[PDB]
């Protein structure tokens, strides 16, 4: 199955990283960010798919309840890659000021997309730590 990949600098504050692949929306992880409690544009969390599989969709749940429920990116992108070096943006997002809590980013790909790595990436500095809950693909 797909394995988790994320910005190496993050530190787990509460929960576990395996909670992001257990299929339960109500289990997640709270990551401490460095750089003065700031997630820089360009930081990321996603999946290494193993080989070049063709995807029909993704379902990513960001944020979580209680602790760090408001600790989410404002601006981010969904991007994919073949080599973990060059990336292609599928879609950008701006959810500045949206309510704290879980948020299910769910995308279906009209034309299937050929990828080895698929992730969410920050596009604007934010003075916050980060919560997430689940990451899944659809083929």
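Positions refer to the first chain, counted from 1.
Per-stretch averaging of Cα B factors for 109-117 and 58-66 places 109-117 on top. Between 10-18 and 125-133, it is 10-18 that carries the larger average Cα temperature factor according to the deposited entry. The residue among 94, 52, 43, 71 whose C-alpha carries the highest B-factor in the deposited model is 52.
Sorting the modelled residues of the chain by their CA temperature factor places residue 100 in the lowest third.
Ranked by Cα temperature factor within the chain, residue 38 sits in the lowest third according to the deposited record.
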